[PDB]
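Remember, it's 1-based here, ligands and their atoms both numbered in the order they're listed. Labels below follow one simple rule: chain letters A, B, ... track the order of the sequence lines, proteins then strands, and each chain is numbered from 1.
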Amino acid sequence: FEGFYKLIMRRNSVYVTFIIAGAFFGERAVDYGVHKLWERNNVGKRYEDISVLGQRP
Amino acid sequence: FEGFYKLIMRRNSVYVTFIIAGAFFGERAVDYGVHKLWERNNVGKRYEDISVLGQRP
Amino acid sequence: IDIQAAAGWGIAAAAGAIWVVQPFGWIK
Amino acid sequence: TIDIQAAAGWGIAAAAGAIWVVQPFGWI
Amino acid sequence: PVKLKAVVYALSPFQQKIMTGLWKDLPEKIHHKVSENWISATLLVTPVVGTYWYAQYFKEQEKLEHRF
Amino acid sequence: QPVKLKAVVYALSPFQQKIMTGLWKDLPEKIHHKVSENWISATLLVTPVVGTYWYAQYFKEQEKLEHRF
Amino acid sequence: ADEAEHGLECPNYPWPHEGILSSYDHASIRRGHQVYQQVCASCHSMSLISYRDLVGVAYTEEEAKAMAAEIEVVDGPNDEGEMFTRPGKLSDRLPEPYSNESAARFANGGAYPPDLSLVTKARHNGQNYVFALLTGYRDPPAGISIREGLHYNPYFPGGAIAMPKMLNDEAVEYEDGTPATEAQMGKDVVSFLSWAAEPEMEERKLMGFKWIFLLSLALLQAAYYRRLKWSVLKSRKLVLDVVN
Amino acid sequence: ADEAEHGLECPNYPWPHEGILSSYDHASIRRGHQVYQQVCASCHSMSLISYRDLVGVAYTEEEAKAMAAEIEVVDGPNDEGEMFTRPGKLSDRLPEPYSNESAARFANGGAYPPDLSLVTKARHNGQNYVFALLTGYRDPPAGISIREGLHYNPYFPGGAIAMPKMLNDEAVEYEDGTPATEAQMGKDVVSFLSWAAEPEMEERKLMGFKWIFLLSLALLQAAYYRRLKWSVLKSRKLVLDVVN
Ligand SMILES: CCCCCCCCCCCCCCCCCC(=O)O[C@@H](COC(=O)CCCCCCCCCCCCCCC)COP(=O)(O)OCC[N+](C)(C)C
Ligand SMILES: CCCCCCCCCCCCCCCCCC(=O)O[C@@H](COC(=O)CCCCCCCCCCCCCCC)COP(=O)(O)OC[C@H](O)CO
Ligand code: HEM
Ligand code: HEM
């Protein structure tokens, strides 16, 4: 808690590390949520929802 | 050269026209002389000196 | 302020390298 | 009354330069 | 360099609210925008909309008059 | 920063002087000066190159002769 | 006069892939590809598409492999300098029905059936237009005669098309069992053509949602930053002697 | 091994086009072209040369037109969609002996006769090399054996070439009655090849002579100009207080 909260505000290197970590985690979390809602909005329309997927003849 | 100076060099417009004329005429004269030397040095080797020119069956 | 800063800026550079290039699978 | 003479001289110069770059002897 | 005489009092950015002013005096803001700008707006919208509607009317009349 | 100078310079107009004859004036002294001042420099430049080239050709010739039946 | 020249407007249909968060219907893509193979490919080429493009979209790797191996592709030269044929691979493009444009025109009354790789992107209102033209062969208005060899279609500009009607009931057999009605086949083939013209649509849409949400957050932050920096200037009290 | 790997070096021959004011011998170009089309062309392509290139160099326009008309060029497709044949024209490239590189290798024991359009520029000391190779077929040195299908030529790197000796005496007949010995045809065909590799040579040399002469005059003027502008500085007398 207070250790990181005192390092981030007092040393720019720690703040820069915090920015990089936040970018990484936030971009992954939005990629994940945006794909979850995309999957929910398109039920049955996926390539792997094809019933005959695997029998061409 | 002071007589030629009083006709060509008194005004820069005349001088500039004289330079344009010298470029034109001198380049033509040099071209003619170079072509004369080329012809004198390559007697008998020209396309127009092919004995059978026009005579391919 | 010289060694601590060097360590902090090295940590930031390493984190930025892990963030730009994401070789999750090269931990072998 | 010298600006007019300067204009005439430079017009002659411009004409000479035109005939010299493009050399339109086969068109005239 | 212009010779200036003035007294300027300023407050620190960290001692004031940053965003609430967007939504303060909102009726005044709308009223000023409408009352100062309605002529300019008219002079911009009227020719475009009028020309468009007249062109549509011309096309409809021309289409009808070529039928049988 | 500007420099503070005290000097007197006299100059002659370019149209009052000969322009080109000074190129071929005391030519042997010029050659003397270039050779006398520059012979060590010229030696250090040329000798390694020519020596290495000559040694390489000598090596190639002897090697070619050694492989000949 | 000009009414026939432009052609009748195509209506708007609720395609499953319209919408900022809508994917293709992949079963419909596979059905439309079957429709292409058994009807369209006789005279239309799709030269921008290859068998490997179908993998992970409508078929497995093995299915597309066998499908490619069922065609013959010109290869060579061999070591003797002579061309030869071989079964197709995944990387091979869809086969062309004609050697060249002139041979296509000669076999179709002088009209050239255009390549369908980008047809939906190559016409205004492309998906709807193709669906309406495919399902829009009907008798011409009174007083309109269509010259021999052409067929009337109000959606087609001019009204007289050189393509005959070939979407008919039971024209295809569907492996999934859905009735191969005219409207079903037209919808499925337009879905396949939409995918073929715009194969990057789903990734692109998934990127637009994520990045507009993120950039809107950034816009909020930037507004706060500008206002915070400018507050010291906007709230300042200025005292001068002048009045008017 | 040691010396055979690089080959025997070619001599220096006094070519008529050598010299800063020396042109090609155009009658020799015409003779070399007949040697080419009568001996070389059955195995070597000249894909960079068109029939129009010969006009004004070795043939009249009607001569080259009839030459091109003698050959059969593929063309099309026609309105029905088939490839056909037509007489050659001035704009056609010289014909290819083989359909592709694999066919050439199959016809020449696995070796590919290279295109001769730039061969004099594509080998070190090119003109001399080609002449020496063509006239340099002879018996191998004692203790050296050549496998079947190859011929000894000390000029060729390695000494074993897939080309058989082709410049045999009177292998061509000359329109001007020039006796067609092996050396004569070698010189003529090298003249033709050298023209083919550098057809701009005569214009280039004329330009070079003219502009180098003019630029030398300009250099003299530039030296005078510089020294005129600098004389006021170089002849100046400078008086200063300092001694040591
Ligand atoms: C129709 C009228 C003529 C049109 C042409 C006008 C331009 C002619 C070009 C100049 C020709 C004369 C060149 C100088 C002749 C004098 C030679 C000479 O003695 O050398 C000069 C220096 O002159 C030079 O350096 C030579 C510069 C010549 C520049 C090259 C001329 C270019 C010719 C252009 C012709 C047109 C063809 C090109 C067209 C593109 C010596 O100078 P100083 O050392 O100062 O005096 C020595 C003292 N004493 C007199 C006693 C010897
Ligand atoms: C110091 C003056 C200002 C700077 C100019 C520098 C001049 C000093 C020399 C610099 C080195 C020149 C380039 C060195 C290698 C060139 C030699 C070479 O590589 O061989 C070529 C041959 O090199 C040359 O031919 C030299 C040409 C020099 C140009 C001489 C022509 C002068 C024309 C104008 C007369 C100028 C008189 C001025 C009077 C005021 C190719 O020979 P080829 O057998 O393949 O072809 C035959 C044909 O002749 C060549 O095209
Ligand atoms: C269901 C399968 C087919 C589809 C989806 C299809 C699609 C299309 C489309 C979109 C056009 C272009 C219309 C335009 O210009 O805007 C077209 C034109 C054409 N199609 Fe097809 N087609 C199919 C089958 C066929 C078949 C089987 C033939 C030949 C027998 C054919 C022959 C043509 C011809 C000749 C044209 C040119 C028509 C003209 O310019 O008048 N098509 N087709
Ligand atoms: C006067 C007629 C010909 C000329 C001037 C000519 C010219 C040349 C030249 C310049 C090369 C390149 C040698 C090298 O790579 O250094 C070459 C190689 C070759 N030529 Fe020709 N050629 C002629 C006729 C022929 C004929 C009639 C044949 C076949 C019957 C032939 C077959 C080949 C082959 C196979 C090679 C490559 C040999 C190898 O790389 O081992 N040539 N020729």
Side-chain angles (χ1 to χ4, degrees), chain B residues 1 4 7-8 18-19 21-31 33-34 37, chain F residues 14-25, chain G residues 7 32 35-44 46 97 104-105 107-116 119-120 122-124 126 129-135 149-151 153 155-168 171-172 182 185-186 188-190 192-193, chain H residues 12 14-15 17-22 120-121 125-128 194 198 201 204-205 208-225 227-228 231:
Chain B
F1 284 84
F4 179 91
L7 269 299
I8 276 72
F18 168 74
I19 292 166
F24 181 78
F25 286 122
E27 211 205 271
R28 291 321 209 61
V30 169
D31 263 301
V34 163
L37 275 159
Chain F
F15 301 117
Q16 286 297 331
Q17 326 178 29
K18 292 178 196 226
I19 302 310
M20 308 288 289
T21 54
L23 280 148
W24 58 79
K25 183 178 179 180
Chain G
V35 166
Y36 168 79
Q37 250 182 348
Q38 299 157 46
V39 174
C40 315
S42 165
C43 309
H44 284 279
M46 297 196 78
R105 274 184 210 270
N108 279 277
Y112 170 71
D115 195 278
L116 294 180
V119 63
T120 52
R123 316 262 190 271
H124 293 88
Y129 164 73
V130 173
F131 182 77
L133 173 95
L134 249 56
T135 62
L150 303 182
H151 320 263
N153 205 307
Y155 304 100
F156 191 66
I161 200 148
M163 177 187 23
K165 181 183 183 204
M166 338 271 294
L167 281 198
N168 296 301
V172 86
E182 190 242 11
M185 283 185 338
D188 282 340
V189 80
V190 173
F192 169 71
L193 284 178
Chain H
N12 281 291
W15 294 104
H17 43 99
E18 289 175 300
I20 43 82
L21 275 172
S22 288
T120 60
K121 278 207 300 179
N125 200 22
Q127 303 50 14
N128 299 308
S194 64
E198 304 140 281
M201 173 294 267
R204 179 163 45 80
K205 282 188 183 174
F209 198 90
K210 185 239 264 204
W211 286 111
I212 283 164
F213 170 77
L214 291 189
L215 286 176
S216 297
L217 301 172
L219 179 61
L220 191 55
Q221 178 266 6
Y224 174 88
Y225 190 29
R227 291 171 65 78
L228 176 74
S231 54

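- Proximity of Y36(G) to ligand 3 is not established, as no heavy-atom distance is less than 4.0 Å.
- How far SG of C43(G) is from CG of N108(G): 5.0 Å, rounded to the nearest 0.5 Å.
- Ligand 3 has a nitrogen or oxygen under 3.5 angstrom from a nitrogen or oxygen of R123(G).
- Contacts with ligand 3 closer than 4.0 Å are made by side-chain heavy atoms of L167(G) only, the backbone lying farther away.
- The residue from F192(G), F156(G), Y112(G) that puts a heavy atom closest to atom 40 (O) of ligand 3 is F156(G).
- In summary, the atoms of ligand 3 found under 4.0 Å from a heavy atom of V39(G), numbered by their order in the structure, are 1 (C), 2 (C), 27 (C).
- Counting only protein N, O or S atoms closer than 2.8 Å to atom 21 (Fe) of ligand 3 gives 2.
- Each of the atoms 13 (C) of ligand 3 lies under 4.0 Å from some heavy atom of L133(G).
- At a 4.0 Å heavy-atom cut-off, the residues surrounding ligand 1 are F18(B), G26(B), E27(B), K18(F), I19(F), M20(F), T21(F), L214(H), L217(H), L220(H), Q221(H), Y224(H), listed by chain and number.
- Of the heavy atoms in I161(G), both backbone and side-chain atoms come closer than 4.0 Å to ligand 3.
- Within a 6.0 Å radius of CZ in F4(B), other residues, nucleotides and ligands contribute more than 12 heavy atoms.
- Only the side chain of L134(G) comes within 4.0 Å of ligand 3, counting heavy atoms alone; its backbone N, CA, C and O stay farther away.
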For residues 217-225 of chain H, please give each side-chain donor-acceptor pair under 3.5 Å, one per line with the distance, not counting sequence neighbours.
from: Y225(H); atom 1: OH; to: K229(H); atom 2: NZ; distance (Å): 3.2

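- Protein residues with any heavy atom under 4.0 Å from ligand 2: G19(H), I20(H), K205(H), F209(H), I212(H), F213(H), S216(H).
- Polar contact check, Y129(G) against ligand 3: a nitrogen or oxygen pair lies under 3.5 Å apart.
- Residue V119(G) approaches ligand 3 through these ligand atoms, each under 4.0 Å from one of its heavy atoms: 10 (C).
- A distance of 7.5 Å separates CE in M163(G) from CG in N153(G), rounded to the nearest 0.5 Å.
- For the atom pair CD of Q16(F) and OG of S231(H), the computed distance is 10.5 Å after rounding to the nearest 0.5 Å.
- A distance of 5.5 Å separates NZ in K121(H) from CD in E198(H), rounded to the nearest 0.5 Å.
- Residue contacts with ligand 3, taken as heavy atom pairs separated by less than 4.0 Å, involve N108(G) solely via side-chain atoms from C-beta onward.
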